[PDB]
Amino acid sequence: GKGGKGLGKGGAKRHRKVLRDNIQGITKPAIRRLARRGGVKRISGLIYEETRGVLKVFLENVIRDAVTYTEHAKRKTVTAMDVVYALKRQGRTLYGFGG
Amino acid sequence: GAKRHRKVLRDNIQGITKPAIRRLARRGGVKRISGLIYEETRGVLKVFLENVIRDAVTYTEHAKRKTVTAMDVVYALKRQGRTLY
Amino acid sequence: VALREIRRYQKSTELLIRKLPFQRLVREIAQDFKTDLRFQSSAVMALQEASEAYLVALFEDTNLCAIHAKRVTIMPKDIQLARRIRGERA
Amino acid sequence: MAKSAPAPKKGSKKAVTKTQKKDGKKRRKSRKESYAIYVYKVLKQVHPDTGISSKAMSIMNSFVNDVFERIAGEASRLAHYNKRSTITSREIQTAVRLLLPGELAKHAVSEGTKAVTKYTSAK
Amino acid sequence: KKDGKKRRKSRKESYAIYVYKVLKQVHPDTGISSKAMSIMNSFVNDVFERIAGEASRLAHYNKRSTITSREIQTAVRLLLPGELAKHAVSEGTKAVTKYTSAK
Amino acid sequence: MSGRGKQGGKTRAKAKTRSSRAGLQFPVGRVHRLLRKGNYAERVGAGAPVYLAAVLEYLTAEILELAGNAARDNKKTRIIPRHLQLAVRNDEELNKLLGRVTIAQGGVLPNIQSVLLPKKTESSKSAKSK
Amino acid sequence: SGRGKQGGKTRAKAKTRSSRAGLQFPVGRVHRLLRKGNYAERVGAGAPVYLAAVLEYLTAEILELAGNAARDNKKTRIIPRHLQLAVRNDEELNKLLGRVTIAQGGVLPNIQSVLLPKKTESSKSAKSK
DNA sequence: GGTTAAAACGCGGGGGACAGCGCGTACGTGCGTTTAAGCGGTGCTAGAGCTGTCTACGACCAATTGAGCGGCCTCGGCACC
DNA sequence: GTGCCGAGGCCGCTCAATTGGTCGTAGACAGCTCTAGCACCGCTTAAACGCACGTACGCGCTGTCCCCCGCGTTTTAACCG
């Protein structure tokens, strides 16, 4: 058939759910593990929100670079190549996932 | 006692002092006032003068004049509605 | 106990955050920029490893921030100093 | 492909239905010339991904017309005060400094001076 | 031709007059110092290198040899923040439209 | 130039308008005609409409812009009259210029006075209940 | 009226690509620098015109901010002190010029609450905080 | 001879150890969702032809801008009522 | 005797001013790409087809700062290199 941004089938062959406050996915065991990987014995309760907020700030910046890189080629799918190009600009570089 | 003898550079805005506010208050039908009015009135008056002179200087500057005539003040006052006869 | 698990995470390499909640989180951010965005499976996992090590470095610095102030715990004050002194936040 | 004449073509619209194929044009409407085709141009330069409804365009149509009355009206008063018969960028620049606020006037003068310069310098 | 003093004609990869011309247009009556011209000239060179440096990466990754406004549009968004890029694209887009309509 | 002969090729702009000469978008010619139509002066200068259009174009740009920003915060891609009012009241400079202007078909800033919220845990004076 | 492909009215720089679209900044130098510098093996004519406008906007704003800062300093001439003040004042300019040092510039008068009288207090008055 | 730091040890707070409580986890299952494929269909990105408007190259000359100079207005500072 | 009010005054800020060679904008006629038409398979699209991972509920141990509480820290002073 045809499709623009997506979801061309409609009817009863597709299903999407509203995602609004999924930032809370990083929970107490997940947050403490990264803290444990940092070698800290004790982490306060108030930084759980801050760590999630910091991750949101970190993710929002890298997503802008990745989306703009992907939108340059007009490709719907964000490939791993565009991510590492975004990572290089921000200094935080990851080796792998393409080369 | 209490005494000062310096004329300029320190008593320009504060020249209204206490009695003049009371003098204007009586013409405004005010029986009594609080001491806090003596500070706003300097600010309130200054805002009024600054708005008028901003237009008045603009009229004077545009007319290539170094002197602000009486008619220049009328032009600035007319725009804000405070027309002068 | 808290330092007992320090050895586990510093001896074994593994992802420390839930997979799909990270995928859901990046999806909800991406949808606001552009709706119906398509994410590759490798791309979301690649961002996770960078994101995890980003906080590990942050959690490493905040540990040394605490010991500077005669402290062991890391607090919101510690995270403010590390981000600002690094130029990330200010 | 025709050669027109000046005499009988004033308001040349339909009066009696002597038409073929297409019907006769209705009587001409009083031209309410608007900045709608120009305001939309500026809108797509700052926010290319945003639309605009006609109700807000009617506001902008009335806004510019009313604003133009104020700035030109003040400039008209300025000319009489100076005993000046002509109006140019100089009087309007001062009128902008009067009607418009502080920072708003400076930006208008800055862009206005640049726009005026490009017209005079170029042929 | 070259027998007269000529050896001192070189370099001039700078924006001294262009910044000066923009300075007068933006601010009618103001002065600039020869010291301040040095910072501005080097700042523009780094800015030119930054945007063109990114534009090199976009061209190489997309198998595109030419450089167009679209790739530079990506560079402006990637380099400048949201508020800065918003005014930057409007000035850049208006430059292309008027240039094409002028001859 | 004399002799009433054909001058030749048009070096001066033919397709480009007077606004295109200055790079503006608003019609300077209409503003030039409006000044004479409005009887604002006996004669009008050449730079009078050019400056007026640039000021109007900049005012149009700033207002649309601010309105567009408010539209994004309201999740609507069409600028409604309410979006303009929010920007007008938010910006002090726009508020001063458009203090007495009324925007038709909606537009109101959600201003709530601090008095309207008692926020004393509904605990009265010297006792929690009345 | 017959002039072949192109007429002979003018054959030497009848208007320049710069100022053809009302652009002050040079476009030939940018076009030359885009190809002299090995950014890409080919260059398009739309690249320099867009880049010239971008450079002009960045130059204009900082000069306007520095000019206003110079006015607050009661000096008409622009000094790198004002340029440093303008960049540091706005967070938008801080992000771009993060690791950049300006010669003969300065530093914003920032003081914490624990570096002044009283134990830890920041009340002060106007013209501060 | 005056300025900061530096010895001595003020001094009332801030943190770890002393203790609970409440979650968040993350293994068994089934149903379609989304990412990769499988091969076109016209649309864009780079191949040259012709002779021309523009940038790079090149020339001199009076004027044009930025150094500095000399009087002034502003600033920190010591000493009496 | 104190802190902040001042006065005289010290070099540069902004204006001009006459002479050498630096830079920019007008002018020609030689190759080359600018930008314009056309090709056929390759990269991205939609709609099916399968496959384990992911959500909701389980039993468990894990931690933060409440109180009371020391002695080593770095300021506050008036006097030497």
# chains A, B, ... in the order shown; residues from 1 in each chain; ligands from 1
>>> interface_residues(of="chain C", to="chain A", cutoff="7 Å", atoms="only C-alpha atoms", output="MDAnalysis selection string")
chainID C and resid 2:3 6 9:10 16:17 21:22 24:25 28 36:40 42:43 46 50 52 55:57 59:60 63 72:76
>>> interface_residues(of="chain C", to="chain I", cutoff="9 Å", atoms="only C-alpha atoms (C1' of nucleotides)", output="list in words")
residues 1, 2, 19 and 20 of chain C
>>> write_last_selection(atoms="C-alpha atoms", output="PDB file, in the first residue's frame")
ATOM      1  CA  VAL C   1      27.238  -5.197  51.711  1.00  0.00           C
ATOM      2  CA  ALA C   2      27.193  -2.071  49.552  1.00  0.00           C
ATOM      3  CA  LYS C  19      16.563  -2.606  28.672  1.00  0.00           C
ATOM      4  CA  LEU C  20      13.089  -1.633  27.437  1.00  0.00           C
TER       5      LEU C  20
END
>>> atom_distance(atom1="atom CA of residue C:33", atom2="atom CA of residue E:49")
28.2 Å
>>> interface_residues(of="chain B", to="chain I", cutoff="10 Å", atoms="only C-alpha atoms (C1' of nucleotides)", output="number ranges by chain")
B: 4, 6, 10
>>> closest_atom_pairs(of="chain A", to="chain I", cutoff="7 Å", atoms="only C-alpha atoms (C1' of nucleotides)", output="tab-separated table")
residue	atom	partner	partner_atom	distance
A:1	CA	I:46	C1'	6.4
A:2	CA	I:46	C1'	6.8
A:3	CA	I:46	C1'	6.9
A:44	CA	I:64	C1'	6.5
